Amino acid sequence: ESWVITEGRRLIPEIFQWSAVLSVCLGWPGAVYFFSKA
Amino acid sequence: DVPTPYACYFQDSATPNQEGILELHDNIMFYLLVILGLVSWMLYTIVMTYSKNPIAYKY
Amino acid sequence: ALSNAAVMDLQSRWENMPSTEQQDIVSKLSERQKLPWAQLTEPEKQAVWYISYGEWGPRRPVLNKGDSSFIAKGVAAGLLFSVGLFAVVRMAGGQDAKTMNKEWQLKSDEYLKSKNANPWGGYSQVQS
Amino acid sequence: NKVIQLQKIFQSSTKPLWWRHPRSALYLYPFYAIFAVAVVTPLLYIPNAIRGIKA
Amino acid sequence: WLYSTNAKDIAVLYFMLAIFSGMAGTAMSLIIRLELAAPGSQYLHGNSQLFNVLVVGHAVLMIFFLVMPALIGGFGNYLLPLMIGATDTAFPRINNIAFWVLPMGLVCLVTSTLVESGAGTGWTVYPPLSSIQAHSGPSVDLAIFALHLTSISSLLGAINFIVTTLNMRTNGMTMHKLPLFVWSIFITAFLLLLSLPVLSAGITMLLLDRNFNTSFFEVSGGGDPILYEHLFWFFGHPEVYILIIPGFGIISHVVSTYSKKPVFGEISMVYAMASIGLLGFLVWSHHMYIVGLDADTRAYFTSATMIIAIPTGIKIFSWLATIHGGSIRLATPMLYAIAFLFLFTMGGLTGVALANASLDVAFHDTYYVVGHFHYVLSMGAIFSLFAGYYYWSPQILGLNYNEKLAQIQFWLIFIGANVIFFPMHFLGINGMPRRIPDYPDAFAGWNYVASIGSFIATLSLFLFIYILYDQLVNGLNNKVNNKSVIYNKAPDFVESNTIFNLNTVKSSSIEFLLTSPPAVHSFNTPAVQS
Amino acid sequence: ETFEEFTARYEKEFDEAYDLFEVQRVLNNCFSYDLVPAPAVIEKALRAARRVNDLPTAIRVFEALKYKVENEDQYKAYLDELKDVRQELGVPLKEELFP
Amino acid sequence: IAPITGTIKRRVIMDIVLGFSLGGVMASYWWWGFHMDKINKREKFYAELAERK
Amino acid sequence: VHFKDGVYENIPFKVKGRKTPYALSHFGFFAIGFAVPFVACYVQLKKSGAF
Ligand code: HEA
Ligand code: HEA
Ligand SMILES: CCCCCCCCCCC(=O)OC[C@H](COP(=O)(O)OC[C@H](O)COP(=O)(O)OC[C@@H](COC(=O)CC)OC(=O)CCC)OC(=O)CCCCCCCC
Ligand SMILES: [Cu+2]
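Residue numbers (UniProt numbering), protein chains in the order written: chain S, 26 to 63; chain H, 16 to 74; chain G, 25 to 152; chain R, 3 to 57; chain W, 5 to 534; chain X, 47 to 145; chain L, 3 to 55; chain A, 28 to 78.
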């Protein structure tokens, strides 16, 4: 009854935030190509 | 062939010897994203969730 | 007992208190702890927790409260002074290649279109 | 033969250990003469070696 | 003082030179990356010489004059006397020639550029490129001697560490209970001993083939240049496993200090740390897969250099186990040691992709290699050198380093050098070759992305000079105000503040129990352990 | 090793505490394990604080108990269980003090 | 009263296998939405070279 | 350094009590180390025709 809803709420905005790190730490060349194709 | 400006992948395969490399560069990097997917996750669950843990499990 | 005007607001007053008085109050408080508890008054009870387990000296945070923004204002003002210093060394730069100015790049495409260089994928070769 | 004799001289000498031999005064001033030349003349030919002037 | 034989004051001369050779080793990489900003020779006018001179002028200052004298000389001559329990090193008089030949290893290298030719041979100084018919002047003559002076300093600088650890310990310090920084260098000292005499024959034979025309390597005479490709690289792969094992010692101390917890599997971490050193010997031609080896010889190495990723996985997953339960105190050595655990391991995944003989044949000498070995040199051996300086700077100098200003030096190194070395994997997967002053026009894309970042990292290094100025001038006025962090271990949850100042440093090593700075005789009595 | 050998070992070491130091260094490793301590041993973690005449190391018990309870439902049933020996000694909690 | 045990053990198994499940949703897209997308084009163009008879 | 384990006396610098300010002798050690490739880019270009 404890680890079925308290272990969830710690982890739902975590993976919502963790993917935002890799889209800036690794996905940042997907912006400099997008901004200036010239 | 010709390199492309702002490219990130192989040049176009015109040889089965070259075509074998592209199915081995992707066979390797499929097993490199599980390891990078683990380390990038197992380092965010520690810096975020365990920097607010004042009682260190030192045993 | 201990007076009200010595332990009133021992949060903003523990630092910038003189040091001889600062351990005089912990001498009076350590004699009031040799009593049955729940007889200490609440400005004398919540101000012995601030001495033992407060936030001063030890248990001071690694960053101050107005210090996490000073970190992120040295990062975001280090990228600006990087790129702003990049333009000075480029404007003091040599003359570039003749094969980049969008028209050499254009006629080097139907040269590749007539040879089918990259069939699947892009052979645009256009980046003025 | 001189091992106990030098041990009186070396122990409690109040000198640098490379000045603590009795036969050491002549060992240094010719040695400091070949040291004062072997570290400048390989380096003084370096401006001679920048302009192509060789031998 | 100049020729004092105290091991403490030698290691402060080591560190005084590894920044001077650092600010020369990265000013050359500034001009190297300034020339790769646009197609056509911009700042160098039309000279493709002085670009294979600056590349060898930069790549040997970084390897042999920055990361070698700091992680072995600048720390090993300061910590291995101190943590084990010695008063100084076991051979303290040759401890001074191991430093004072390094400025003489600089005059043998800066004058190797100022002479009329310029050694345009690259870091891997190959025999027919550096032969006397190709390179005529005395330029490459001095570039193969400055590599010899460092080969001989760091050789007797590791005989100084096998007969320090094996006999000069304390009473209860048995052979199974040592700090991991000592087991880093003592394992490293069994690789510095058994790879540098291999190198010293592989350079002197090239000297004999240049002014004594003996034809060890000359083609007219049957001397292979391919003997060099297995004899230099027999030194070469242990050499790059020497820039990382003391890097594996500092991280094992920092990540288990700023987490209030002992390290996970300490006995497991010392057996998987010589197995890197031992098995690193048996893999030395994975650099030379394309040079025409046999179809079973390359079949052995494509299975044998993947087994180096077996003990390195133990030494990383245990660093992801020694901070799981414990607290995390995010100061500056903890920031470097936690970004070392992400950028070195991404320089490991590119390792096992290059490790195959079936895949190096589309990656050799490209920029995909330079993307790989800079995630494990400027991100695995600078991320453990910045995490070793900041971890022992106020303990050793006595002055604190303005902690609020060392956090912005971390992020400008993190994201201001990831912007350089991440797009290198894209220029190399297309096939841009190395050491070239100009390139085809399709490689002007990321080479301007990687050129904007070399001003970011070398603006942080200009800031790091100011941290070194704030630490020496008013570095005493830092721990009396709220500028820095004083206690690197905050007390526990139920540890009262007035009892903390009695039992302050709860270290696991002697290095913090000493005074700040330590004494000129910090050990005048035989200490005891357990 | 087990839950009961955990209880019998640390409820024994609280008796020969004799000092403020050997309460806080033993209250620390009675909370720095994988498991959660029973209320039998934490009753001797308040009697140890009464033997040494120090109140904020008895207010820091119930704050270390609050973070390491892993459920608020398993805390209020755990708080009301200790209210028999928390009203004798007059130990407040940190939220009631409002410091 | 409840002998509660295993707060870290329930935060390693929940912690490991949700990274393997996070190491798949970045990798199975990379081998299908990129690698099989790249083999779709090369299977198409080489089938437009065998059409010429 | 043989003795006097003070605070500034394990470093061969002269930080305090210097006649001249220390930023002259501290940046002047690290900018001089920065300006050594910019004289290798000088006497090797002027020798080889460029400027
Ligand atoms: C120790 C190893 C090391 C380090 C740290 C670096 C650091 C850097 N290197 Fe270099 N490099 C090599 C070793 C290294 N390099 C080698 C072996 C080659 C190949 C040569 C050959 O084979 O042809 C090479 C080649 C090479 C090339 C040419 C690629 C090719 O032709 O192969 C380029 C160009 O982009 C480059 C750039 C850089 C840059 C921008 C950095 C930046 O990281 C530097 C700026 C970042 C800093 C600010 C941190 C370092 C500064 C310090 C002073 C250290 C701090 C330590 C103390 C002060 C405590 N390097
Ligand atoms: C300085 C540090 C350093 C380190 C540590 C390494 C480590 C490794 N290197 Fe690298 N390497 C260099 C520096 C370094 N290298 C340099 C300077 C060059 C040559 C450049 C030049 O010639 O100029 C080079 C060249 C080089 C080549 C030659 C390419 C070419 O020139 O053609 C190859 C290929 O085999 C290679 C591979 C590896 C491998 C497999 C490792 C492995 O040890 C790394 C393994 C690590 C891990 C894999 C990550 C952690 C482990 C896991 C999380 C668990 C296990 C992993 C999985 C199951 C996938 N290296
Ligand atoms: C070869 C060797 C060359 C070396 C050259 C390297 C130059 C790097 C210099 C870095 C430096 O000196 O900064 C430290 C200095 C003192 O800080 P402290 O740690 O004592 O704490 C201060 C307090 O805690 C918060 O300071 P506060 O918040 O009150 O001030 C605001 C401050 C923050 O903004 C910035 O940092 C970027 C502008 O803004 C200003 O002051 C603007 C004034 C014009 O902070 C400052 O005041 C910096 C002012 C700007 C200096 C020029 C910046 C150029 C990029
Ligand atoms: Cu290697």
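All residues carry an ideal CB built from backbone N, CA and C; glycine is no exception.
Measure from the C-beta of residue i to each C-beta in chain W and report whether the shortest distance is under 8 Å.
i: residue 52(R); result: yes
i: residue 83(G); result: yes
i: residue 69(H); result: yes
i: residue 75(A); result: yes
Excluding the 5 residues flanking residue i on each side, which residues of the same chain have their C-beta closer than 6 Å to its C-beta?
i: residue 91(X); result: 73, 107
i: residue 133(W); result: 125
i: residue 143(W); result: 116, 119, 121, 122, 123
Mind reading off the beta-carbon distance from residue i to residue j? Whole number of angstroms is fine, and I expect it under 8 Å.
i: residue 7(W); j: residue 100(W); result: 6 Å
i: residue 10(H); j: residue 28(L); result: As shown, chain H starts at 16 and ends at 74. That puts residue 10(H) outside it, with no answer to give.
i: residue 110(X); j: residue 77(X); result: 5 Å
i: residue 87(W); j: residue 514(W); result: 6 Å
i: residue 17(W); j: residue 103(W); result: 5 Å
i: residue 503(W); j: residue 144(X); result: Residue 503(W) to residue 144(X), Cβ: 25 Å. No contact.
i: residue 165(W); j: residue 38(W); result: Contact doesn't hold; Cβ gap of about 40 Å is too wide.
Please check if any C-beta of chain S sits within less than 8 Å of the C-beta of residue i.
i: residue 24(L); result: yes
i: residue 133(X); result: no
Give me, in chain order, the residues of the same chain whose beta-carbon lies closer than 8 Å to that of residue i; leave out the 5 immediate sequence neighbours on both sides.
i: residue 176(W); result: 532, 533, 534
i: residue 126(G); result: 150, 152
Quick check on residue i - is its C-beta less than 8 Å from some C-beta in chain X?
i: residue 62(G); result: yes
i: residue 92(G); result: no
i: residue 72(H); result: yes
i: residue 6(L); result: yes
Sorted by chain position, which residues of the same chain lie with C-beta nearer than 7 Å to residue i's C-beta, five sequence neighbours on each side aside?
i: residue 460(W); result: 416, 420, 423
i: residue 169(W); result: 88, 186, 190
i: residue 392(W); result: 79, 254
Beta-carbon of residue i versus every beta-carbon of chain H: anything under 8 Å?
i: residue 21(L); result: yes
i: residue 74(G); result: no
i: residue 140(X); result: no
i: residue 123(X); result: no
i: residue 114(X); result: yes
i: residue 110(X); result: yes
Would you say residue i touches ligand 5, meaning its beta carbon is less than 7 Å from a heavy atom?
i: residue 28(W); result: Ligands in the displayed structure: ligand 1, ligand 2, ligand 3 and ligand 4; ligand 5 is not one of them.
Under 8 Å between C-beta atoms, does residue i make it to chain L?
i: residue 127(X); result: yes
i: residue 28(H); result: yes
i: residue 118(X); result: no
#### Entry: Residues in the region 52-80 of chain X having any Cβ partner in chain S nearer than 8 Å
For the region 52-80 of chain X, which is checked against every Cβ of chain S, not one residue is closer than 8 Å.
### Message
Which residues of the region 32-45 of chain S have a Cβ closer than 9 Å to any Cβ of chain H? Give them in chain order.
### Response
35, 36, 39, 40, 42, 43
#### Entry: Interfacial residues, the region 51-62 of chain H to chain L, with Cβ spacing under 8 Å
51, 52, 53, 56, 57, 60
### Query
Using 8 Å as the threshold, is the region 370-384 of chain W in touch with the region 297-304 of chain W, meaning 3 or more CB pairs across them?
no
### Query
Is the region 127-143 of chain X touching the region 87-105 of chain X, taking contact as three or more C-beta pairs under 8 Å?
yes
### Message
With three or more beta-carbon pairs closer than 8 Å as the criterion, would you say the region 355-364 of chain W touches the region 412-427 of chain W?
### Response
Proximity of the region 355-364 of chain W to the region 412-427 of chain W falls short of the contact definition, fewer than three beta-carbon pairs being nearer than 8 Å.
### Message
Using 8 Å as the cut-off, can you tell me whether the region 481-500 of chain W makes contact with the region 69-85 of chain G, which would need three or more C-beta pairs spanning the two stretches below that distance?
### Response
yes
### Task
Take every Cβ of the region 39-52 of chain W, pair it with every Cβ of the region 108-127 of chain G, and state whether three or more of those distances are shorter than 8 Å.
yes
### Query
Do the region 247-260 of chain W and the region 146-166 of chain W make contact, defined as three or more Cβ pairs closer than 8 Å?
These segments do not touch.
### Contact residues within the region 80-96 of chain X, judged by C-beta distance below 7 Å to chain W
Residues: none.
### Contact between the region 272-288 of chain W and the region 312-322 of chain W (3+ Cβ pairs under 8 Å)
The region 272-288 of chain W vs the region 312-322 of chain W: in contact.
### Query
Below 8 Å, can you find three or more Cβ-Cβ pairs linking the region 41-52 of chain H to the region 17-37 of chain L?
yes
### Query
Between the region 88-98 of chain W and the region 24-33 of chain W, do three or more beta carbon pairs fall short of 8 Å?
no
### Query
the region 81-115 of chain W: which residues have C-beta closer than 7 Å to a C-beta of chain R, in chain order?
From the region 81-115 of chain W, only 115 have a Cβ closer than 7 Å to chain R.
#### Entry: Interface residues of the region 449-478 of chain W facing chain A [CB-CB below 8 Å]
Of all residues in the region 449-478 of chain W, the ones placed with a Cβ closer than 8 Å to any Cβ belonging to chain A are 469, 472, 473, 476, 477, in chain order.
### Near-chain H residues of the region 307-325 of chain W (beta-carbon distance less than 7 Å), N- to C-terminal order
Flagged, chain order: 324.
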